[PDB]
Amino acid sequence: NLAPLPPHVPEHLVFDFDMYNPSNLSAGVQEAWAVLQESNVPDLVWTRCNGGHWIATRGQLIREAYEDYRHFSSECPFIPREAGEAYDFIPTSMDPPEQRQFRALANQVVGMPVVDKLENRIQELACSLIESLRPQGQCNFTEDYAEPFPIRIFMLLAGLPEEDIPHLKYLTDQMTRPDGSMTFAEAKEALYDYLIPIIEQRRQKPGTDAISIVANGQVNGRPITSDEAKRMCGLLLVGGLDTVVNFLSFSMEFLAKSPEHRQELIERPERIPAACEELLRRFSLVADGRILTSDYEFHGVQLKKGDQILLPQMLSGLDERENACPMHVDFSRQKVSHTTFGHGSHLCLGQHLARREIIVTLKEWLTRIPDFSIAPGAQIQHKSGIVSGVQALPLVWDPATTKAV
């Protein structure tokens, strides 16, 4: 299902990429997207899939478009257009200077000082989850750790019932890796039905949870509205439920396959932080975009006002012009260059939270379960979308090689 090419698009710029179902999926999701950086592919292409849109393929263009909010607006950041259209999260569907005030609040809730406060719980939950898995010699990493770990910390931050996990996660999943079961707007509405009552309750009777702070915050000297709060919280939810969750499984899947990488971390733990950035570069997973606010000529291509452009965060660090041997994991690269957490005004506020969760997991898993591998005859499947994922990650190990702490 290719849409007829608009008049302004030179046929030589066509490259029919399906962000939802790339061709090489079997080879891995990052590998499937990297096809866009092959020699035969222009720097800026048009795809007729998902209704027709541009895709910038190089770290340089992505960062440029990201910096340029005058031309490239966050107003309609999702493809297909109907999704970008229905998209109304804050601060994400706003451009500076408006974005700034909401960002400042969102920072209050997820920023550094919060992580610093949550640290012991993060470490507590990791250790507990791992210890519980250890003696089994086998899990479903995706369902066994990658989901509970980051989710439960979020649920704690947000003050929401663990019981709501399944329902929330389903809906979150519909936004980033649509099934066909529901449209973005339906998914969005349903999360909204969830939130409303909660916000109301927390405007009346404030807690110390993230939702309470958001619901009662100040923006531009006045009180946030209910609708604004509902709209920030919607973003926070997706961030908590759908980001770190997917990242951990790619990393884990790599670790399962590379004994030498595991060992390196065990003997030279001072390398963990460096390793985490490298894994963030290699297993980068997000791809959203922007809308053209006007006609504009960008690197010699004419973009028409209203044109959508996918600026895959994923691709910057995979770009050879940016990283030598991009597909190779090397914990000792002189310069790890990525835009995994975005670029420009929308740089991810939850990055601090995500790094703390990644580092704790590596340190804590390796400690207890130094030696593991993918289950025999398990075929690992990746999934593409706004946020890519791993479908299931069967791991096996000998309990006898584990260490209890």
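Start at 1 and count along the sequence shown; that's the residue number.
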{"property": "Per the entry, higher mean C-alpha B factor between 277-285 and 326-334", "result": "326-334"}
{"property": "Mean C-alpha temperature factor, higher of 300-308 and 145-153", "result": "300-308"}
{"property": "Which of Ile380, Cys49, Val41, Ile369 ranks first by CA B-factor in the deposited coordinates", "result": "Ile380"}
{"property": "Given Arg121, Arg262, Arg81, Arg290, the residue at which the Cα B factor reaches its maximum", "result": "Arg81"}
{"property": "Chain third (lowest, middle, highest) by recorded CA B-factor, residue given as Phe72", "result": "lowest"}
{"property": "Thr176 by Cα B-factor - lowest, middle or highest third of the modelled chain", "result": "middle"}
{"property": "Entry-reported Cα temperature factor of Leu25, expressed as the chain third it lands in", "result": "highest"}
{"property": "Third of the chain, ranked by Cα B-factor, where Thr92 sits", "result": "middle"}
{"property": "Among modelled residues of the same chain, the CA temperature factor third for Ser258", "result": "middle"}
